[PDB]
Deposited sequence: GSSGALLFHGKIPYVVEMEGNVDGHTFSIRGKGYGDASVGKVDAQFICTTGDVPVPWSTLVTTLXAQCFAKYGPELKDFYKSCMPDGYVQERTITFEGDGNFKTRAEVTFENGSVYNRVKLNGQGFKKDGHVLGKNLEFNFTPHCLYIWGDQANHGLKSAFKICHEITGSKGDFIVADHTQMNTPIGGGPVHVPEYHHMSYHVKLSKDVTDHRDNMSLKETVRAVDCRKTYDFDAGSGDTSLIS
């Protein structure tokens, strides 16, 4: 496919810088791992350098690199066609019965590696709700995303749902509703996608020997040509 896709052969380091503010509580996070797009794998470790995180780690997972997705020859790959100059990624995330997050990322290739530099602002949460009351499990369900093209901006649009399990229930979930849009940083030719889906499977872990608040993960991510494979 694209000449940007040349940069993703083999395993490549991944570096994350996040700044956050949820109803007055501020915090910074740093992450380090790798991605291998030939199989759609991402493996990474995260630490909060400022103190404790003010919300459950699972609500931050979607904001903490769709360029590592396994894309076959039959679909256009927007994310890698933008590389190395990169893309801006923006979301609004709205919690069932509670507040919302707004996010803005720059995702680029620099110095042999992928950088995700992202800012998060949270507003309108209940002080006794599941979020600010830290009442959600340290785990994660499999998801399916919807993706299509915006020919007017030579970009990408996406809409999906994410489920979070309630601490002290078993099989009761709230929903975080996701809307998203992506725009190129450079002015050069890119690949604008057509309608398709993307599967995610995430597993979370921790390390008790590190005294800082922490989280690790492993994920598998594939593009799905659903106009053909759901027949």
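Missing C-alpha coordinates mark the following deposited-sequence intervals, in order: 65, 233-244.
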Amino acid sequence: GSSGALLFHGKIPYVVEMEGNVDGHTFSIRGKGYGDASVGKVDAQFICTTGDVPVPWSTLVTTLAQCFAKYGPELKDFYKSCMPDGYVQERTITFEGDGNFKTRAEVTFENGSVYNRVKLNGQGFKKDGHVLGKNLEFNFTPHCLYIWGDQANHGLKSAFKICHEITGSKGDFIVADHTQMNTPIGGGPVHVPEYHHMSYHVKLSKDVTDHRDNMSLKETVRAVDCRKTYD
From here on, numbers count along this sequence of modelled residues.
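Looking at 81-89 and 126-134 together, the entry lists the larger mean B-factor for 126-134, computed on C-alpha atoms. For the pair 92-100 and 114-122, the mean Cα B-factor is higher in 92-100.
Per the deposited coordinates, the residue with the largest Cα temperature factor out of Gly168, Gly40, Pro184, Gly33 is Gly168. Placement of the Cα temperature factor of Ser28 within the chain: middle third of the modelled residues, per the deposited record.
When the modelled residues of the chain are ordered by C-alpha B-factor, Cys48 sits in the middle third. Ranked within its chain, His164 lands in the highest third, by CA B factor from the PDB record. In this PDB entry, the Cα temperature factor of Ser58 sits in the middle third of its chain's modelled residues.
Ranked within its chain, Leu64 lands in the lowest third, by CA B factor from the PDB record.
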